[PDB]
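Structure file data_26.pdb (PDB, C-alpha atoms) is printed below.
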ATOM      1  CA  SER A   4     -27.717  15.715   6.546
ATOM      2  CA  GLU A   5     -25.046  14.844   7.115
ATOM      3  CA  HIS A   6     -24.745  11.172   6.140
ATOM      4  CA  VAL A   7     -22.679  11.165   2.923
ATOM      5  CA  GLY A   8     -19.798   8.704   2.676
ATOM      6  CA  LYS A   9     -17.778   7.375  -0.255
ATOM      7  CA  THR A  10     -16.195   4.208  -1.662
ATOM      8  CA  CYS A  11     -12.703   3.357  -2.907
ATOM      9  CA  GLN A  12     -11.082   0.213  -4.074
ATOM     10  CA  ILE A  13      -7.443  -0.589  -3.612
ATOM     11  CA  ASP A  14      -6.248  -2.909  -6.385
ATOM     12  CA  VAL A  15      -3.679  -5.427  -5.066
ATOM     13  CA  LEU A  16      -1.367  -7.441  -7.317
ATOM     14  CA  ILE A  17       0.807 -10.253  -5.905
ATOM     15  CA  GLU A  18       3.603 -11.576  -8.138
ATOM     16  CA  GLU A  19       5.770 -14.486  -7.009
ATOM     17  CA  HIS A  20       9.136 -14.486  -8.784
ATOM     18  CA  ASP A  21      10.824 -16.456  -6.990
ATOM     19  CA  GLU A  22      12.388 -16.173  -4.372
ATOM     20  CA  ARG A  23      10.785 -13.398  -3.851
ATOM     21  CA  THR A  24       7.124 -12.397  -3.782
ATOM     22  CA  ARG A  25       6.095  -8.763  -4.367
ATOM     23  CA  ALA A  26       2.820  -6.958  -3.799
ATOM     24  CA  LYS A  27       1.630  -3.672  -5.234
ATOM     25  CA  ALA A  28      -1.382  -1.867  -3.695
ATOM     26  CA  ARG A  29      -2.738   0.853  -6.008
ATOM     27  CA  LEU A  30      -5.054   3.639  -4.851
ATOM     28  CA  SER A  31      -6.393   6.508  -6.970
ATOM     29  CA  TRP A  32      -6.424   9.502  -4.631
ATOM     30  CA  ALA A  33      -6.631  13.292  -4.986
ATOM     31  CA  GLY A  34      -5.938  12.951  -8.712
ATOM     32  CA  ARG A  35      -2.845  10.796  -8.241
ATOM     33  CA  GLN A  36      -2.035   7.102  -8.621
ATOM     34  CA  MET A  37      -0.601   5.939  -5.347
ATOM     35  CA  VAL A  38       1.202   2.605  -5.177
ATOM     36  CA  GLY A  39       2.428   0.845  -2.073
ATOM     37  CA  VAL A  40       5.097  -1.753  -2.779
ATOM     38  CA  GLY A  41       5.905  -4.714  -0.523
ATOM     39  CA  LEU A  42       8.466  -7.526  -0.786
ATOM     40  CA  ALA A  43       9.115 -10.857   0.926
ATOM     41  CA  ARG A  44      11.706 -12.689   1.490
ATOM     42  CA  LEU A  45      11.059 -16.330   2.584
ATOM     43  CA  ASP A  46      13.493 -18.041   3.042
ATOM     44  CA  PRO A  47      14.814 -19.758   0.655
ATOM     45  CA  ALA A  48      13.618 -22.766   1.067
ATOM     46  CA  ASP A  49      11.783 -24.527   2.435
ATOM     47  CA  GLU A  50       9.887 -22.709   1.118
ATOM     48  CA  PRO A  51       7.115 -22.193   2.530
ATOM     49  CA  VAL A  52       3.955 -21.692   1.389
ATOM     50  CA  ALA A  53       2.879 -19.408  -0.512
ATOM     51  CA  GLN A  54       0.211 -17.764   1.660
ATOM     52  CA  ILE A  55       2.929 -16.608   4.102
ATOM     53  CA  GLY A  56       4.930 -14.836   1.370
ATOM     54  CA  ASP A  57       1.780 -13.303  -0.155
ATOM     55  CA  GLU A  58       0.302 -11.962   3.078
ATOM     56  CA  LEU A  59       3.676 -10.564   4.208
ATOM     57  CA  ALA A  60       4.111  -8.811   0.867
ATOM     58  CA  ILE A  61       0.583  -7.403   1.072
ATOM     59  CA  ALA A  62       1.197  -6.232   4.637
ATOM     60  CA  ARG A  63       4.367  -4.386   3.551
ATOM     61  CA  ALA A  64       2.591  -2.945   0.508
ATOM     62  CA  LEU A  65      -0.253  -1.567   2.658
ATOM     63  CA  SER A  66       2.200  -0.102   5.207
ATOM     64  CA  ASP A  67       3.964   1.654   2.367
ATOM     65  CA  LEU A  68       0.702   3.079   1.084
ATOM     66  CA  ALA A  69      -0.425   4.018   4.612
ATOM     67  CA  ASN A  70       2.890   5.871   5.105
ATOM     68  CA  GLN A  71       2.416   7.709   1.827
ATOM     69  CA  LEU A  72      -1.071   8.687   2.978
ATOM     70  CA  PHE A  73       0.334   9.893   6.323
ATOM     71  CA  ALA A  74       2.870  11.998   4.433
ATOM     72  CA  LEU A  75       0.029  13.418   2.326
ATOM     73  CA  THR A  76      -2.032  14.217   5.421
ATOM     74  CA  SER A  77       0.848  16.158   6.982
ATOM     75  CA  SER A  78       1.612  17.988   3.755
ATOM     76  CA  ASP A  79      -2.056  18.946   3.354
ATOM     77  CA  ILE A  80      -2.358  19.908   7.040
ATOM     78  CA  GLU A  81       0.690  22.137   6.643
ATOM     79  CA  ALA A  82      -0.692  23.608   3.413
ATOM     80  CA  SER A  83      -4.124  24.396   4.953
ATOM     81  CA  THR A  84      -2.412  26.270   7.847
ATOM     82  CA  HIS A  85      -0.039  28.103   7.397
ATOM     83  CA  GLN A  86      -1.871  30.641   5.259
ATOM     84  CA  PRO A  87      -0.142  34.021   6.009
TER      85      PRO A  87
END

Output the structure of this file as structure tokens.
Amino acid sequence: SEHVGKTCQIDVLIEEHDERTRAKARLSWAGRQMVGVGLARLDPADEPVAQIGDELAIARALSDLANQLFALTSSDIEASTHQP
């Protein structure tokens, strides 16, 4: 006591359309499926690569999910107090 931690996995999918690569980052949290969605871009042409589009999409997906988790934190904080 007190050493207990826990383990999640975030499942990332990257789909390249084109132009036009999209990432989805899915987290199961507090009994809800949370999905961050990110989109690139690039550019049209030429073209790049590939890794650039993927990593930018993932970055935007994770930001989205982070922002959703920040919104959940605030909501929960506000729920915990007030309690009148």

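Shortest atom-to-atom contact with residue A:41 among A:74, A:7, A:68, A:82: A:68, counting only C-alpha atoms.
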
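Among the candidates A:48, A:55, A:65, A:60, the one nearest to residue A:22 when counting all atoms listed in the file is A:48.
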
For this file, the PyMOL selection byres ((chain A and resi 39) around 6) selects which residues, as a CSV table (one decimal) with C-alpha atoms, keeping the file's coordinate frame?
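Once written, result-v2.csv looks like this:
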chain,number,residue,atom,x,y,z
A,27,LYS,CA,1.6,-3.7,-5.2
A,28,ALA,CA,-1.4,-1.9,-3.7
A,38,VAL,CA,1.2,2.6,-5.2
A,40,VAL,CA,5.1,-1.8,-2.8
A,64,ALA,CA,2.6,-2.9,0.5
A,65,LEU,CA,-0.3,-1.6,2.7
A,67,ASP,CA,4.0,1.7,2.4
A,68,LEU,CA,0.7,3.1,1.1

Determine the residue membership of the PyMOL selection byres ((chain A and resi 15) around 7) for the file above and supply it as a list in words. residues 13, 14, 16, 17, 26, 27, 28 and 29 of chain A

Excluding residue A:32 and any residue of its chain fewer than 3 positions from it, enumerate the residues within 10 Å of it, using all atoms listed in the file, and give them as a PyMOL selection string. chain A and resi 11+29+35-37+72

Take stretch 10-25 of chain A, bring it up to N, CA and C atoms, and give me the output as a compact mmCIF listing (two decimals), in the frame of the given file.
# COMPACT_ATOMS: atom_id res chain seq x y z
N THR A 10 -16.69 5.56 -1.46
CA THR A 10 -16.20 4.21 -1.66
C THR A 10 -14.99 4.16 -2.60
N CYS A 11 -13.89 3.61 -2.10
CA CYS A 11 -12.70 3.36 -2.91
C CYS A 11 -12.53 1.87 -3.09
N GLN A 12 -11.65 1.53 -4.02
CA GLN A 12 -11.08 0.21 -4.07
C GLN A 12 -9.59 0.34 -4.22
N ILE A 13 -8.87 -0.48 -3.47
CA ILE A 13 -7.44 -0.59 -3.61
C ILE A 13 -7.21 -1.88 -4.38
N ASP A 14 -6.52 -1.78 -5.51
CA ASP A 14 -6.25 -2.91 -6.38
C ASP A 14 -4.90 -3.53 -6.04
N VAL A 15 -4.91 -4.74 -5.48
CA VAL A 15 -3.68 -5.43 -5.07
C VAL A 15 -3.25 -6.47 -6.08
N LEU A 16 -1.98 -6.42 -6.48
CA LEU A 16 -1.37 -7.44 -7.32
C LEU A 16 -0.26 -8.13 -6.53
N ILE A 17 -0.27 -9.46 -6.51
CA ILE A 17 0.81 -10.25 -5.90
C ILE A 17 1.52 -11.08 -6.97
N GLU A 18 2.80 -10.80 -7.19
CA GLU A 18 3.60 -11.58 -8.14
C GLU A 18 4.68 -12.33 -7.39
N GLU A 19 4.79 -13.63 -7.67
CA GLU A 19 5.77 -14.49 -7.01
C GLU A 19 6.84 -14.89 -8.02
N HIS A 20 8.08 -14.47 -7.76
CA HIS A 20 9.14 -14.49 -8.78
C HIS A 20 9.71 -15.86 -9.22
N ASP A 21 10.43 -16.65 -8.40
CA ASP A 21 10.82 -16.46 -6.99
C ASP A 21 12.14 -15.63 -6.85
N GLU A 22 12.68 -15.43 -5.63
CA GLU A 22 12.39 -16.17 -4.37
C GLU A 22 11.09 -15.95 -3.53
N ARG A 23 10.45 -14.78 -3.43
CA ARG A 23 10.78 -13.40 -3.85
C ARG A 23 9.46 -12.81 -4.32
N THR A 24 8.47 -12.85 -3.45
CA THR A 24 7.12 -12.40 -3.78
C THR A 24 6.91 -10.90 -3.49
N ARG A 25 6.30 -10.21 -4.45
CA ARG A 25 6.10 -8.76 -4.37
C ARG A 25 4.63 -8.39 -4.53
